[PDB]
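See below for the structure under consideration.
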Amino acid sequence: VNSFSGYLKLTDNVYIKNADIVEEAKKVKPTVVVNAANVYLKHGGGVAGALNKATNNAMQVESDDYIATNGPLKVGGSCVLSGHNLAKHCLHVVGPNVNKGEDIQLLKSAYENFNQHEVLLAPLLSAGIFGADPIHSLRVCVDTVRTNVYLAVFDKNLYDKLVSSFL
Ligand SMILES: CC[C@H](CO)Nc1ncnc2[nH]ccc12
Ligand SMILES: [Cl-]
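Under the numbering used here, the sequence shown has 112 at position 102, and the numbering climbs by one with no breaks.
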């Protein structure tokens with residue numbers, strides 16, 4: 011039993027809700043919130059910009075030190091950093107950005123990072139401003155993640171399409 015509320019159950023382990031991931035994280039304070047990151051951990055817009063803003067830019071400051079030490083992530087890769095005021099940890103995961111020409115096949119590799127954590131609050135990887143088909147992202151999530159994932163879909167209209175079209 012966990013403190014996530016109002017989710018629709020899609021499979022044994024995948025749940026979904028129309029919600030703002032920032033407001034969800036502040037309410038639940040999950041062990042792990044997933045950020046839709048880029049390789050430079052530059053949290054400018056989309057989910058990343060919103061999460062970072064909610065941390066008063068502390069996420070960006072921590073991220074800049076991480077990059078200065080370790081260099082960029084790989085597309086499909088991840089790193090664990092602080093969750094600041096939002097969660098215990100933030101798992102920064104880089105899905106392929108179609109608006110940069112990156113290989114959508116890397117989306118499965120990106121979701122594999124979730125399997126290292128028993129429970130996660132997450133957005134749909136490569137959706138929104140990353141330019142991939144969200145229906146496809148949800149399918150890859152369900153077919154790749156085996157741990158317990160609580161998906162927050164910001165756009166109510168898109169949420170309804172994802173539910174109604176889910177196989
Ligand atoms: C990734 C595509 C979805 C479509 O809604 N984007 C989001 N989902 C949940 N929380 C969010 N916070 C800011 C953006 C955002
Ligand atoms: Cl987005």
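Positions of the beta carbon are idealized from the N, C-alpha and C atoms, including for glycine.
query = Looking at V24 and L130, is the spacing between their C-beta atoms short of 8 Å?
reply = Walking along the sequence shown from the start, residue 130 turns up at place 120. Walking along the sequence shown from the start, residue 24 turns up at place 14. No.
query = With burial defined as no fewer than 16 other Cβ atoms inside 10 Å of the residue's Cβ, what is the status of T65: buried or exposed?
reply = What you label residue 65 is simply residue 55 of the sequence shown in a count that begins at 1. With 16 or more Cβ atoms within 10 Å of its Cβ, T65 is classed as buried.
ask   = DSSP three-state call for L168: helix, strand or coil?
value = Position 158 of the sequence shown, counting from 1, holds the residue named residue 168. Here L168 sits in helix by DSSP.
Spatial distance of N107 from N12 (CA atoms) = The sequence position of residue 107 within the sequence shown is 97, counting from 1. The sequence position of residue 12 within the sequence shown is 2, counting from 1. Whole-angstrom Cα-Cα distance: 32 Å.
task = Tell me, please, whether the region 35 to 51 touches the region 130 to 139 by the rule of three or more beta-carbon pairs shorter than 8 Å.
result = yes
ask   = For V104 versus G86, is the C-beta spacing smaller than 8 Å?
value = Residue mapping note: residue 104 aligns to position 94 of the sequence shown, counting from 1. Residue mapping note: residue 86 aligns to position 76 of the sequence shown, counting from 1. Going by C-beta atoms, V104 is nearer than 8 Å to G86.
key: Distance, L161 Cα to residue 218 Cα   = For residue 218 there is no data in the structure shown, the boundaries of the chain being 11 and 177.
query = In chain order, what residues have a CB nearer than 5 Å to some heavy atom of ligand 2?
reply = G56, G138 and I139
inquiry  = Closer than 8 Å is the cut-off here; do at least three beta carbon pairs connect the region 147 to 155 with the region 48 to 62?
reply    = no
query = Looking at the structure shown, is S73 part of a helix, part of a strand, or coil, going by DSSP?
reply = For the purposes of this step, residue 73 is taken as the residue at position 63 of the sequence shown. The answer is helix: DSSP assigns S73 an H, G or I state.
Delimiting residues of the alpha helix (DSSP H) encompassing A58 = Residue 58 sits at position 48 when you count from the first residue of the sequence shown. Note, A58: alpha helix (DSSP H), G56 to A64.
query = Any idea if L96 is buried or exposed, counting beta-carbon neighbours within 10 angstroms, 16 or more meaning buried?
reply = As a working mapping, residue 96 is identified with position 86 in the sequence shown. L96 comes out buried.
message = Going by beta-carbon coordinates alone, are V44 and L101 separated by less than 8 Å?
response = For the purposes of this step, residue 44 is taken as residue 34 along the sequence shown, with counting starting at 1. For the purposes of this step, residue 101 is taken as residue 91 along the sequence shown, with counting starting at 1. Yes, the pair counts as a contact, with Cβ atoms nearer than the cut-off.
key: ligand 1 heavy atom lying under 7 Å from the CB of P133   = Within the sequence shown, the letter at position 123 stands for residue 133. Under cutoff, so the answer is yes.
message = I need the boundaries of the beta strand (DSSP E) containing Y25, first residue and last residue.
response = Numbered from its first residue, the sequence shown carries residue 25 at position 15. Taken as a continuous stretch (DSSP letters only), the beta strand (DSSP E) holding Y25 covers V24 to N28.
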